[PDB]
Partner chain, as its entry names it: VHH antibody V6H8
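Just one chain is shown here, as structure tokens, and it is the form deposited without its partner chain.
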């Protein structure tokens, strides 16, 4: 009964991927909360369980499907289902462990991994950093197959971890950043896979801090600048929300917005 958004890598185009990411954002955030033109995800505090998750059903040209579950409070992939098995990342706390019992409730085999789904852990398991893992439609096609065959022994753990890394960036981080969506659109448009450059990686790593800096800013002005990287690895200093409006599409909730306090 949680909302489902479908995407397939089979015959994917820039437009079908764009439609997908736009639909994911529309199910993640309501429109209740915008700070400087930038939407905020729902606050976890008090959020009813019936509103906590969305489902992303991924299919591929191999005619396989898996369903990822995303937490609306942070766009995190918390687990997935393939046929009669579901797997969840190690929960951070008891409330999250209870919350995930509301997902895939009729699945016959439920497993919780001992490891979390954060980049650092998944890179260690994959034996490769994000900077050496290619992204694009082909990688996502392959990742869907790898997730699908895990329960039957066909997928080694490093491949599973790599596959999660691909899914998370192409779905969660693309949802979080129009810039990252744009980078995936380019890969799809040319059907050319490639690892993420420093601009993509530094945005992924900075999403939480950017969210806080924007929400705690003085009328948009950061108290302390945030350093990002350009595609060539050189430094890009962020002093203000303004430069991020084309870049970041949604934020994790970090504080209540201060009073309007217009002149």
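Numbering follows the first chain given and starts at 1.
Judged by mean Cα B factor in the deposited record, 231 to 239 ranks above the other of 231 to 239 and 204 to 212.
Looking at mean Cα B-factors across 163 to 171 and 116 to 124, the upper value is held by 116 to 124. In the PDB entry, the Cα temperature factor peaks, among 255, 12, 251, 247, at 255. In this structure the maximum Cα B-factor among 182, 153, 79, 139 is found at 153. Per the PDB record, residue ranking by Cα B-factor puts residue 30 in the highest third of the chain. Ranked by C-alpha B-factor against the other modelled residues of its chain, residue 224 falls in the highest third.
For residue 177, the recorded CA temperature factor ranks within the lowest third of the chain's modelled residues. Per-chain ranking of the deposited C-alpha B factor places residue 134 in the middle third. Among the modelled residues of its chain, residue 108 has a C-alpha B-factor that falls in the highest third, as given in the PDB entry.
As for the form deposited with its partner chain bound, it is not shown, yet the points below apply to it.
The shortest heavy atom separation between residue 130 and its partner chain in the entry with it bound is within 4.5 Å. Taking non-hydrogen atoms only, residue 51 never approaches its partner chain to within 4.5 angstroms in the entry with it bound. Of the heavy atoms in residue 205, some are within 4.5 Å of its partner chain in the entry with it bound. Looking at 108 to 134, the residues that come within 4.5 Å of its partner chain in the entry with it bound, counting any heavy atom, are 117, 118, 119, 120, 123, 124, 129, 130, 131.
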